[PDB]
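The structure file work.cif is reproduced below (mmCIF, C-alpha atoms and all ligand atoms).
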```
data_upload
#
loop_
_atom_site.label_atom_id
_atom_site.label_comp_id
_atom_site.auth_asym_id
_atom_site.auth_seq_id
_atom_site.Cartn_x
_atom_site.Cartn_y
_atom_site.Cartn_z
CA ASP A 1 24.66 -3.38 15.75
CA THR A 2 21.93 -5.60 14.25
CA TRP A 3 18.38 -4.17 13.69
CA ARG A 4 17.20 -5.77 10.44
CA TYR A 5 14.61 -4.09 8.20
CA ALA A 6 12.64 -5.68 5.35
CA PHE A 7 10.18 -4.18 2.85
CA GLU A 8 8.05 -5.15 -0.19
CA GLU A 9 9.67 -3.06 -2.96
CA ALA A 10 13.03 -2.20 -4.56
CA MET A 11 15.55 0.27 -3.08
CA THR A 12 14.67 2.88 -5.64
CA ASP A 13 10.92 2.50 -5.08
CA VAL A 14 8.87 4.33 -2.53
CA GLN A 15 9.17 1.92 0.34
CA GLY A 16 12.94 2.02 -0.31
CA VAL A 17 13.00 5.82 -0.14
CA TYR A 18 11.34 5.49 3.27
CA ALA A 19 13.72 2.74 4.41
CA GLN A 20 16.81 4.73 3.40
CA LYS A 21 15.69 7.88 5.25
CA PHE A 22 14.84 5.75 8.29
CA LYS A 23 18.35 4.24 8.03
CA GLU A 24 19.98 7.69 7.73
CA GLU A 25 18.15 9.10 10.74
CA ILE A 26 18.87 6.11 13.02
CA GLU A 27 22.56 6.06 12.09
CA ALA A 28 23.09 9.85 12.35
CA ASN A 29 21.83 9.99 15.95
CA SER A 30 23.19 6.79 17.56
CA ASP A 31 25.67 3.91 17.46
CA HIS A 32 22.91 1.62 16.13
CA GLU A 33 22.98 0.49 12.51
CA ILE A 34 20.13 -0.48 10.18
CA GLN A 35 20.45 -3.36 7.73
CA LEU A 36 18.14 -3.11 4.69
CA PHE A 37 16.37 -5.99 2.89
CA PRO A 38 14.47 -5.09 -0.32
CA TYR A 39 12.10 -7.32 -2.29
CA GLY A 40 14.09 -10.07 -4.00
CA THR A 41 15.84 -11.16 -0.81
CA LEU A 42 14.01 -13.15 1.92
CA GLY A 43 10.88 -13.59 -0.25
CA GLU A 44 7.26 -12.37 -0.40
CA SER A 45 5.40 -10.04 1.99
CA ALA A 46 3.82 -12.98 3.85
CA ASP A 47 7.30 -14.43 4.42
CA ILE A 48 8.92 -11.35 5.95
CA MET A 49 5.96 -10.74 8.30
CA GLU A 50 6.40 -14.29 9.65
CA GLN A 51 10.13 -13.53 9.95
CA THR A 52 9.38 -10.36 11.93
CA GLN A 53 6.98 -12.22 14.25
CA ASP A 54 9.48 -15.06 14.76
CA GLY A 55 12.03 -12.42 15.77
CA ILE A 56 14.58 -12.77 12.95
CA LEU A 57 13.68 -9.28 11.65
CA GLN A 58 13.21 -6.15 13.78
CA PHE A 59 11.45 -3.76 11.41
CA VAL A 60 9.05 -4.67 8.60
CA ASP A 61 6.94 -2.89 6.00
CA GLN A 62 3.68 -4.70 5.26
CA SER A 63 0.81 -3.16 3.30
CA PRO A 64 -2.76 -3.47 4.69
CA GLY A 65 -3.44 -5.33 1.42
CA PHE A 66 -1.83 -8.39 3.01
CA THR A 67 -2.66 -7.75 6.68
CA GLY A 68 -6.44 -7.78 6.04
CA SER A 69 -6.48 -11.52 6.76
CA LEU A 70 -4.72 -11.09 10.10
CA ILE A 71 -6.26 -7.83 11.35
CA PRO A 72 -9.77 -7.83 9.81
CA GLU A 73 -10.34 -4.08 10.30
CA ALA A 74 -7.34 -3.22 8.08
CA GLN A 75 -9.77 -3.82 5.21
CA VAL A 76 -10.96 -0.17 5.60
CA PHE A 77 -8.31 1.00 3.12
CA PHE A 78 -10.13 -0.82 0.30
CA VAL A 79 -13.51 0.87 0.57
CA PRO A 80 -13.49 2.58 -2.85
CA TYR A 81 -13.42 6.41 -2.94
CA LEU A 82 -13.08 6.65 0.86
CA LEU A 83 -9.57 8.09 0.60
CA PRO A 84 -9.30 11.49 -1.16
CA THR A 85 -7.23 11.95 -4.32
CA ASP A 86 -5.80 15.36 -3.30
CA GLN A 87 -2.25 14.31 -2.40
CA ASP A 88 -1.62 17.33 -0.12
CA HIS A 89 -4.81 16.62 1.89
CA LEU A 90 -3.99 12.91 1.97
CA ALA A 91 -0.54 13.49 3.49
CA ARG A 92 -2.00 15.53 6.37
CA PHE A 93 -4.47 12.70 7.07
CA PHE A 94 -2.04 9.80 7.75
CA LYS A 95 0.12 12.13 9.86
CA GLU A 96 -2.61 13.56 12.08
CA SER A 97 -5.16 10.72 12.08
CA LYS A 98 -6.56 9.68 15.46
CA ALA A 99 -7.70 6.45 13.75
CA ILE A 100 -4.31 5.47 12.27
CA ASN A 101 -2.07 6.62 15.12
CA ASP A 102 -4.25 5.72 18.10
CA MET A 103 -6.98 3.19 17.25
CA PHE A 104 -4.86 0.93 15.03
CA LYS A 105 -1.87 0.68 17.41
CA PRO A 106 -3.45 -1.64 20.03
CA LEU A 107 -4.85 -3.83 17.22
CA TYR A 108 -1.41 -4.41 15.68
CA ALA A 109 -0.10 -4.96 19.23
CA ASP A 110 -2.53 -7.89 19.55
CA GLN A 111 -0.35 -9.60 16.91
CA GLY A 112 2.95 -8.65 18.56
CA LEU A 113 3.79 -5.63 16.43
CA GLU A 114 4.56 -2.00 17.31
CA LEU A 115 3.01 0.18 14.60
CA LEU A 116 5.10 3.22 13.66
CA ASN A 117 3.53 4.85 10.58
CA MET A 118 1.16 4.42 7.72
CA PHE A 119 1.85 6.36 4.53
CA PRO A 120 0.40 6.77 1.02
CA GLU A 121 2.15 5.74 -2.19
CA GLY A 122 -0.11 7.34 -4.81
CA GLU A 123 -3.37 6.99 -6.75
CA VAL A 124 -3.83 3.47 -8.17
CA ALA A 125 -4.44 2.46 -11.81
CA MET A 126 -5.90 -0.63 -13.50
CA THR A 127 -3.75 -2.37 -16.11
CA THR A 128 -5.65 -4.76 -18.40
CA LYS A 129 -5.34 -6.17 -21.94
CA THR A 130 -8.91 -5.22 -22.84
CA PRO A 131 -10.31 -1.65 -22.77
CA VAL A 132 -11.93 -0.50 -19.51
CA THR A 133 -14.46 2.29 -20.05
CA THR A 134 -17.24 1.11 -17.72
CA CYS A 135 -17.74 -1.59 -15.09
CA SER A 136 -19.24 -4.07 -17.59
CA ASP A 137 -15.93 -3.98 -19.53
CA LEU A 138 -14.38 -5.87 -16.60
CA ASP A 139 -16.89 -8.71 -17.06
CA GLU A 140 -14.92 -11.98 -16.91
CA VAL A 141 -11.47 -10.44 -16.68
CA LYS A 142 -9.20 -12.46 -14.38
CA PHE A 143 -7.96 -9.60 -12.20
CA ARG A 144 -5.02 -10.12 -9.82
CA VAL A 145 -5.45 -8.54 -6.42
CA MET A 146 -3.64 -8.40 -3.03
CA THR A 147 -4.66 -11.10 -0.52
CA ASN A 148 -7.48 -9.63 1.58
CA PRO A 149 -11.27 -10.31 1.57
CA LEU A 150 -12.67 -6.79 0.96
CA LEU A 151 -10.35 -6.01 -1.97
CA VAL A 152 -11.59 -9.29 -3.46
CA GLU A 153 -15.18 -8.08 -2.88
CA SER A 154 -14.38 -4.76 -4.62
CA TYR A 155 -13.57 -6.29 -7.99
CA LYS A 156 -16.58 -8.62 -7.70
CA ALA A 157 -18.68 -5.47 -7.24
CA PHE A 158 -16.87 -4.00 -10.26
CA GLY A 159 -17.88 -6.97 -12.43
CA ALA A 160 -14.49 -8.69 -12.67
CA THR A 161 -13.40 -12.15 -11.49
CA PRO A 162 -10.88 -11.39 -8.70
CA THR A 163 -7.80 -13.53 -8.10
CA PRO A 164 -5.76 -13.22 -4.87
CA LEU A 165 -2.08 -13.71 -5.74
CA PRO A 166 1.28 -12.77 -4.16
CA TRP A 167 3.32 -10.32 -6.26
CA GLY A 168 6.02 -12.80 -7.41
CA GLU A 169 3.53 -14.44 -9.77
CA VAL A 170 1.94 -11.30 -11.25
CA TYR A 171 4.29 -10.55 -14.15
CA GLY A 172 4.53 -14.21 -15.25
CA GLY A 173 0.78 -14.78 -14.98
CA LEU A 174 0.05 -11.76 -17.17
CA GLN A 175 2.74 -12.78 -19.67
CA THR A 176 1.29 -16.29 -20.02
CA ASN A 177 -2.28 -14.87 -19.93
CA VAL A 178 -3.44 -16.81 -16.85
CA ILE A 179 -4.51 -13.36 -15.60
CA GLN A 180 -5.71 -10.36 -17.64
CA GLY A 181 -5.74 -7.55 -15.06
CA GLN A 182 -3.78 -5.95 -12.22
CA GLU A 183 -3.81 -2.76 -10.08
CA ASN A 184 -1.02 -0.58 -8.61
CA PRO A 185 0.25 3.03 -8.40
CA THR A 186 2.05 4.60 -11.39
CA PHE A 187 5.58 4.62 -9.96
CA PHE A 188 5.46 0.87 -9.26
CA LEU A 189 3.83 -0.22 -12.46
CA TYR A 190 6.62 1.57 -14.34
CA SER A 191 9.30 0.26 -11.97
CA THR A 192 8.20 -3.37 -12.47
CA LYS A 193 7.91 -2.88 -16.26
CA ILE A 194 4.34 -4.32 -16.07
CA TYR A 195 3.49 -2.21 -19.13
CA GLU A 196 5.41 -4.82 -21.17
CA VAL A 197 2.65 -7.39 -20.53
CA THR A 198 -0.49 -5.20 -20.51
CA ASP A 199 -2.15 -2.97 -23.11
CA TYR A 200 -4.42 -0.54 -21.26
CA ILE A 201 -3.91 1.71 -18.23
CA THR A 202 -7.05 3.09 -16.56
CA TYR A 203 -7.33 5.78 -13.88
CA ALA A 204 -10.65 5.26 -12.10
CA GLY A 205 -9.47 7.13 -8.97
CA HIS A 206 -11.06 4.47 -6.74
CA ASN A 207 -8.08 4.10 -4.39
CA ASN A 208 -4.75 5.35 -3.08
CA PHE A 209 -2.10 2.75 -2.19
CA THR A 210 -1.49 2.65 1.56
CA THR A 211 1.27 0.82 3.45
CA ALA A 212 2.46 0.38 7.04
CA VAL A 213 5.78 0.24 8.88
CA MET A 214 6.10 -1.70 12.15
CA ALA A 215 8.59 -3.23 14.59
CA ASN A 216 8.60 -6.51 16.52
CA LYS A 217 6.78 -5.49 19.70
CA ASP A 218 8.94 -7.60 22.03
CA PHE A 219 12.03 -6.05 20.45
CA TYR A 220 10.59 -2.52 20.68
CA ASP A 221 9.50 -2.92 24.33
CA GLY A 222 13.03 -4.15 25.09
CA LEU A 223 14.51 -0.80 24.06
CA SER A 224 15.40 2.08 26.39
CA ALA A 225 13.22 5.21 26.50
CA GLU A 226 15.92 7.01 24.46
CA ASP A 227 16.12 4.22 21.86
CA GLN A 228 12.32 4.06 21.54
CA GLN A 229 12.22 7.84 21.01
CA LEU A 230 15.07 7.53 18.49
CA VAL A 231 12.88 5.11 16.49
CA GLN A 232 9.81 7.40 16.72
CA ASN A 233 11.94 10.36 15.57
CA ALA A 234 13.34 8.38 12.62
CA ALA A 235 9.87 7.18 11.58
CA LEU A 236 8.43 10.71 11.56
CA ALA A 237 11.46 12.04 9.64
CA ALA A 238 11.12 9.24 7.08
CA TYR A 239 7.40 9.95 6.69
CA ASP A 240 7.90 13.65 5.89
CA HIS A 241 10.66 12.80 3.38
CA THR A 242 8.64 10.03 1.69
CA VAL A 243 5.40 12.01 1.16
CA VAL A 244 7.30 14.74 -0.74
CA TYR A 245 9.05 12.16 -2.96
CA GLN A 246 5.98 10.03 -3.73
CA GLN A 247 4.05 13.15 -4.87
CA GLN A 248 6.74 13.92 -7.49
CA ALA A 249 6.60 10.29 -8.66
CA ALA A 250 2.85 10.15 -9.45
CA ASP A 251 3.24 13.51 -11.23
CA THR A 252 6.04 12.35 -13.56
CA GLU A 253 6.19 8.54 -13.95
CA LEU A 254 3.36 8.15 -16.50
CA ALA A 255 5.39 10.26 -18.96
CA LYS A 256 8.12 7.60 -18.73
CA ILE A 257 5.73 4.69 -19.47
CA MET A 258 4.58 6.50 -22.62
CA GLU A 259 8.23 7.18 -23.50
CA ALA A 260 9.26 3.51 -23.27
CA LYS A 261 6.01 2.25 -24.84
CA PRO A 262 4.30 4.93 -26.99
CA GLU A 263 1.55 2.54 -28.20
CA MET A 264 0.20 2.18 -24.65
CA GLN A 265 -3.45 3.17 -24.32
CA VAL A 266 -3.92 5.37 -21.25
CA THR A 267 -7.45 6.40 -20.22
CA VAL A 268 -8.38 8.60 -17.28
CA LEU A 269 -12.13 8.28 -16.78
CA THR A 270 -14.40 11.32 -16.39
CA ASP A 271 -16.80 11.57 -13.43
CA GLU A 272 -19.53 10.56 -15.91
CA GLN A 273 -17.63 7.33 -16.69
CA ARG A 274 -16.77 6.72 -13.00
CA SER A 275 -20.45 6.59 -11.96
CA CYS A 276 -20.81 2.78 -11.95
CA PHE A 277 -17.62 2.45 -9.89
CA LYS A 278 -18.82 4.89 -7.20
CA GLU A 279 -22.15 3.02 -7.08
CA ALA A 280 -20.22 -0.13 -6.14
CA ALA A 281 -18.38 1.87 -3.44
CA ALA A 282 -21.44 2.08 -1.19
CA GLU A 283 -22.24 -1.66 -1.22
CA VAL A 284 -18.59 -2.53 -0.55
CA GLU A 285 -18.76 -0.22 2.49
CA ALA A 286 -21.90 -2.05 3.63
CA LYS A 287 -19.98 -5.34 3.26
CA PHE A 288 -17.12 -4.03 5.43
CA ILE A 289 -19.53 -3.30 8.32
CA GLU A 290 -20.85 -6.88 8.13
CA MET A 291 -17.39 -8.50 8.24
CA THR A 292 -15.57 -6.57 10.99
CA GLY A 293 -18.55 -5.98 13.31
CA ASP A 294 -18.95 -2.97 15.61
CA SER A 295 -15.19 -3.01 16.31
CA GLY A 296 -14.24 -1.81 12.81
CA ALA A 297 -17.36 0.37 12.60
CA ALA A 298 -15.86 2.88 15.08
CA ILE A 299 -12.73 2.94 12.90
CA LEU A 300 -14.70 3.96 9.79
CA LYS A 301 -16.50 6.77 11.65
CA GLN A 302 -13.28 8.23 13.08
CA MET A 303 -11.50 7.88 9.73
CA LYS A 304 -14.26 10.03 8.19
CA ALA A 305 -13.95 12.62 11.00
CA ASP A 306 -10.16 12.71 10.53
CA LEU A 307 -10.59 13.38 6.80
CA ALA A 308 -13.02 16.23 7.50
CA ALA A 309 -10.82 17.88 10.13
CA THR A 310 -7.86 17.86 7.74
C1 LIG B 401 2.32 -0.85 -4.90
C2 LIG B 401 2.89 -2.17 -4.36
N1 LIG B 401 2.39 -3.35 -4.88
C3 LIG B 401 2.88 -4.63 -4.39
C4 LIG B 401 1.78 -5.68 -4.59
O1 LIG B 401 0.94 -5.57 -5.47
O2 LIG B 401 1.70 -6.67 -3.88
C5 LIG B 401 3.24 -4.48 -2.93
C6 LIG B 401 4.42 -3.53 -2.82
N2 LIG B 401 3.91 -2.24 -3.35
#
```

Whole structure, structure tokens version:
Amino acid sequence: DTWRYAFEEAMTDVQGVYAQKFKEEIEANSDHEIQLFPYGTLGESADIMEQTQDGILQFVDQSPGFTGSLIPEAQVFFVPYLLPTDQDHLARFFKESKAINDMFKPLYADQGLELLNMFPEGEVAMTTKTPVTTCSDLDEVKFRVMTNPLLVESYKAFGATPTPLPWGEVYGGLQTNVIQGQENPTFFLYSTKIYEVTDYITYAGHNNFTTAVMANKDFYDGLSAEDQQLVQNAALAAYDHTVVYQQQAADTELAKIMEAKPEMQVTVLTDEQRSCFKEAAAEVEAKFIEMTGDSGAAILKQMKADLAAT
């Protein structure tokens, strides 16, 4: 059978680990067959989302970092320090969240997409060519960022000069010094060898990388009750498998960056040093309320209640 599936990373990366477990589970329990499409085929994240909405692709992985333009209240995932750093507590959140698994679903549906899961990918880290010790060290650093308004507002509040750019241009831009800064989890910034074109890694603990897996809603609604269930089963099985794997990654990948490039300067900021960043976190939150109205306000409240209950 057909059923095409496209994601934003390599096969060996985290979104690939998810895809491959999803593929296993579908194929072990039916006659259906999943066809995988990693980054490097079909093009950027914006491209594959269009391809999923046009109906060429059936399943797509698109991170809220790109969907913030489409669904405005997906900007919640970029309110600094909202998401906990405790990876065990974080995994229980996305699984049992009334906000993620109930309140977000009709909003994605408004754009013709059937939301399956959201999952974490790990604590994020700044890579720059100048030292970052406080917020004023970011002053006039051209910092690449995913394409959504609030994430852009975050690095303005940090003191940097934010630049929205699709991933395909990030390595080259850094190499030719058109940009001086970038942010991603540790597994990915090792995987993409981005340490070759940056000098400093900084753990501010401001965010965890979140991503989402969805299906073309028309396609999904066309399926039988058994097929729909089969998909839901495969998504839940892929989630459980991915969270275990991505925990191991964050806990081991930094050792490999230092192995391949021993000169690399890796700073993890103390709570004392993180103070100016957490001060910016409150005014970014205030900005989020202004942009998304009372619609996204109910999402923030529930998200906080889900974190507490878990
Ligand atoms: C951590 C990650 N970064 C990519 C990016 O910065 O656009 C998206 C695929 N996954």

Judged by only C-alpha atoms and all ligand atoms, the minimum distance to ligand LIG 401 (chain B) among A:29, A:35, A:180, A:191 is found for A:191

Minimum-distance residue to ligand LIG 401 (chain B), chosen among A:108, A:186, A:163, A:103 (using only C-alpha atoms and all ligand atoms)
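Closest to ligand LIG 401 (chain B) of all the choices is A:186.
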
If you count all atoms listed in the file, the residue of A:190, A:3, A:94, A:220 closest to residue A:249 turns out to be A:190

Do you know which residues lie at most 12 Å from (2.3, -14.3, -10.0), with coordinates as in the file and all atoms listed in the file counted, and could you write them as a PyMOL selection string?
chain A and resi 44+143-146+163-182+194

Contacts of ligand LIG 401 (chain B), 8 Å or closer, all atoms listed in the file, given as a ChimeraX atom specification: /A:8-9,15,45,63,65-66,121,145-146,166-167,183-185,188-189,209,211

Neighbours of residue A:299 within 12 Å (all atoms listed in the file; same-chain residues fewer than 2 positions away dropped), as a PyMOL selection string?
chain A and resi 72-77+97-105+107+288-289+292-297+301-306

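Nearest to residue A:258 of all the residues A:199, A:240, A:218, A:283 is A:199, counting only C-alpha atoms.
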
* Asked: Can you tell me, as a PyMOL selection string, what residues are no more than 10 Å from stretch 273-277 of chain A when counting all atoms listed in the file, ignoring any on the same chain fewer than 6 positions away?
  -> chain A and resi 80-81+133-136+154-155+157-159+203-206

Atom pair atom CA of residue A:247 + atom CA of residue A:235, distance 18.4 Å

### Task
Skip residue A:22 itself and residues of its chain fewer than 3 positions away, then list as number ranges by chain all residues within 9 Å of it, counting only C-alpha atoms.
A: 17-19, 25-27, 34, 231, 234-239

Figure out the distance between atom CA of residue A:37 and atom CA of residue A:227, please, to one decimal in Å.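 It comes out at 21.5 Å.
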
Restricting the calculation to all atoms listed in the file, which member of A:90, A:113, A:10, A:83 is positioned closest to residue A:52?
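Checking each of A:90, A:113, A:10, A:83 against residue A:52, counting all atoms listed in the file, the winner is A:113.
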
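Using all atoms listed in the file for every distance, the candidate list A:59, A:39, A:5, A:200 yields A:200 as the residue closest to residue A:128.
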
What box, with edges along x, y and z, holds each listed atom of stretch 102-116 of chain A when 5 Å is added on every side, and can you state its centre and edge lengths in Å to one decimal, as AutoDock Vina command-line options?
```
--center_x -0.9 --center_y -1.9 --center_z 16.8 --size_x 22.1 --size_y 25.3 --size_z 16.4
```

Which neighbours of residue A:7 fall inside 6 Å, counting only C-alpha atoms, when residues of the same chain fewer than 6 positions from it are skipped, and could you give them as a VMD selection string? chain A and resid 38 60 to 61

One-decimal distance in Å that lies between atom CA of residue A:91 and atom CA of residue A:119 =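 Between atom CA of residue A:119 and atom CA of residue A:91 the gap works out to 7.6 Å.
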
Output requested as an mmCIF file, keeping the file's coordinate frame - stretch 141-166 of chain A, filled out with N, CA, C and O atoms.
```
data_model
loop_
_atom_site.group_PDB
_atom_site.id
_atom_site.type_symbol
_atom_site.label_atom_id
_atom_site.label_comp_id
_atom_site.auth_asym_id
_atom_site.auth_seq_id
_atom_site.Cartn_x
_atom_site.Cartn_y
_atom_site.Cartn_z
ATOM 1 N N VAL A 141 -12.892 -10.710 -16.603
ATOM 2 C CA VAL A 141 -11.470 -10.440 -16.680
ATOM 3 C C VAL A 141 -10.848 -10.984 -15.400
ATOM 4 O O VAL A 141 -11.235 -10.570 -14.300
ATOM 5 N N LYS A 142 -9.911 -11.919 -15.536
ATOM 6 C CA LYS A 142 -9.200 -12.460 -14.380
ATOM 7 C C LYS A 142 -8.234 -11.419 -13.833
ATOM 8 O O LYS A 142 -7.162 -11.191 -14.399
ATOM 9 N N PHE A 143 -8.642 -10.781 -12.737
ATOM 10 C CA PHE A 143 -7.960 -9.600 -12.200
ATOM 11 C C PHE A 143 -7.201 -9.929 -10.908
ATOM 12 O O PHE A 143 -7.806 -10.219 -9.872
ATOM 13 N N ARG A 144 -5.871 -9.880 -10.983
ATOM 14 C CA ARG A 144 -5.020 -10.120 -9.820
ATOM 15 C C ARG A 144 -5.239 -9.033 -8.787
ATOM 16 O O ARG A 144 -5.490 -7.875 -9.120
ATOM 17 N N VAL A 145 -5.115 -9.417 -7.526
ATOM 18 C CA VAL A 145 -5.450 -8.540 -6.420
ATOM 19 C C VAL A 145 -4.615 -8.979 -5.196
ATOM 20 O O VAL A 145 -4.207 -10.147 -5.108
ATOM 21 N N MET A 146 -4.331 -8.051 -4.281
ATOM 22 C CA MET A 146 -3.640 -8.400 -3.030
ATOM 23 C C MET A 146 -4.537 -9.296 -2.163
ATOM 24 O O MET A 146 -5.757 -9.320 -2.343
ATOM 25 N N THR A 147 -3.941 -10.033 -1.229
ATOM 26 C CA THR A 147 -4.660 -11.100 -0.520
ATOM 27 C C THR A 147 -5.460 -10.666 0.716
ATOM 28 O O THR A 147 -5.094 -10.987 1.850
ATOM 29 N N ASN A 148 -6.550 -9.934 0.500
ATOM 30 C CA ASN A 148 -7.480 -9.630 1.580
ATOM 31 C C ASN A 148 -8.934 -9.567 1.107
ATOM 32 O O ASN A 148 -9.202 -9.072 0.010
ATOM 33 N N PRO A 149 -9.872 -10.062 1.941
ATOM 34 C CA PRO A 149 -11.270 -10.310 1.570
ATOM 35 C C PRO A 149 -12.015 -9.143 0.909
ATOM 36 O O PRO A 149 -12.687 -9.356 -0.102
ATOM 37 N N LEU A 150 -11.900 -7.934 1.461
ATOM 38 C CA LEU A 150 -12.670 -6.790 0.960
ATOM 39 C C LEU A 150 -12.219 -6.311 -0.419
ATOM 40 O O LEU A 150 -13.048 -5.925 -1.249
ATOM 41 N N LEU A 151 -10.909 -6.335 -0.654
ATOM 42 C CA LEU A 151 -10.350 -6.010 -1.970
ATOM 43 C C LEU A 151 -10.859 -6.992 -3.015
ATOM 44 O O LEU A 151 -11.131 -6.607 -4.152
ATOM 45 N N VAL A 152 -10.997 -8.254 -2.613
ATOM 46 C CA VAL A 152 -11.590 -9.290 -3.460
ATOM 47 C C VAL A 152 -13.063 -8.971 -3.745
ATOM 48 O O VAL A 152 -13.532 -9.155 -4.870
ATOM 49 N N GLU A 153 -13.773 -8.475 -2.733
ATOM 50 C CA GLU A 153 -15.180 -8.080 -2.880
ATOM 51 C C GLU A 153 -15.366 -6.859 -3.782
ATOM 52 O O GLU A 153 -16.401 -6.724 -4.444
ATOM 53 N N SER A 154 -14.360 -5.980 -3.799
ATOM 54 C CA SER A 154 -14.380 -4.760 -4.620
ATOM 55 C C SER A 154 -14.455 -5.045 -6.112
ATOM 56 O O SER A 154 -15.261 -4.442 -6.829
ATOM 57 N N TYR A 155 -13.615 -5.963 -6.576
ATOM 58 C CA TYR A 155 -13.570 -6.290 -7.990
ATOM 59 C C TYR A 155 -14.695 -7.226 -8.432
ATOM 60 O O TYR A 155 -14.983 -7.324 -9.624
ATOM 61 N N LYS A 156 -15.326 -7.901 -7.467
ATOM 62 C CA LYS A 156 -16.580 -8.620 -7.700
ATOM 63 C C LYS A 156 -17.701 -7.616 -7.945
ATOM 64 O O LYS A 156 -18.519 -7.792 -8.849
ATOM 65 N N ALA A 157 -17.716 -6.564 -7.127
ATOM 66 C CA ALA A 157 -18.680 -5.470 -7.240
ATOM 67 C C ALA A 157 -18.436 -4.630 -8.499
ATOM 68 O O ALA A 157 -19.336 -3.936 -8.969
ATOM 69 N N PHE A 158 -17.215 -4.693 -9.028
ATOM 70 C CA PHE A 158 -16.870 -4.000 -10.260
ATOM 71 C C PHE A 158 -17.278 -4.780 -11.504
ATOM 72 O O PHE A 158 -17.420 -4.205 -12.583
ATOM 73 N N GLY A 159 -17.463 -6.090 -11.340
ATOM 74 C CA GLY A 159 -17.880 -6.970 -12.430
ATOM 75 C C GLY A 159 -16.808 -7.951 -12.891
ATOM 76 O O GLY A 159 -17.061 -8.800 -13.751
ATOM 77 N N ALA A 160 -15.615 -7.829 -12.315
ATOM 78 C CA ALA A 160 -14.490 -8.690 -12.670
ATOM 79 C C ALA A 160 -14.505 -9.997 -11.878
ATOM 80 O O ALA A 160 -15.342 -10.184 -10.993
ATOM 81 N N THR A 161 -13.587 -10.900 -12.220
ATOM 82 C CA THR A 161 -13.400 -12.150 -11.490
ATOM 83 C C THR A 161 -12.062 -12.098 -10.750
ATOM 84 O O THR A 161 -11.016 -12.410 -11.330
ATOM 85 N N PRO A 162 -12.090 -11.699 -9.463
ATOM 86 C CA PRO A 162 -10.880 -11.390 -8.700
ATOM 87 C C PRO A 162 -10.045 -12.618 -8.363
ATOM 88 O O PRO A 162 -10.590 -13.681 -8.063
ATOM 89 N N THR A 163 -8.727 -12.457 -8.416
ATOM 90 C CA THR A 163 -7.800 -13.530 -8.100
ATOM 91 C C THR A 163 -6.752 -13.027 -7.099
ATOM 92 O O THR A 163 -5.946 -12.155 -7.434
ATOM 93 N N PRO A 164 -6.778 -13.555 -5.859
ATOM 94 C CA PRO A 164 -5.760 -13.220 -4.870
ATOM 95 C C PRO A 164 -4.458 -13.940 -5.177
ATOM 96 O O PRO A 164 -4.424 -15.172 -5.203
ATOM 97 N N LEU A 165 -3.405 -13.167 -5.430
ATOM 98 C CA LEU A 165 -2.080 -13.710 -5.740
ATOM 99 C C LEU A 165 -0.973 -12.846 -5.144
ATOM 100 O O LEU A 165 -1.069 -11.616 -5.155
ATOM 101 N N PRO A 166 0.084 -13.489 -4.608
ATOM 102 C CA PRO A 166 1.280 -12.770 -4.160
ATOM 103 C C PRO A 166 2.028 -12.198 -5.355
ATOM 104 O O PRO A 166 2.008 -12.798 -6.434
#
```
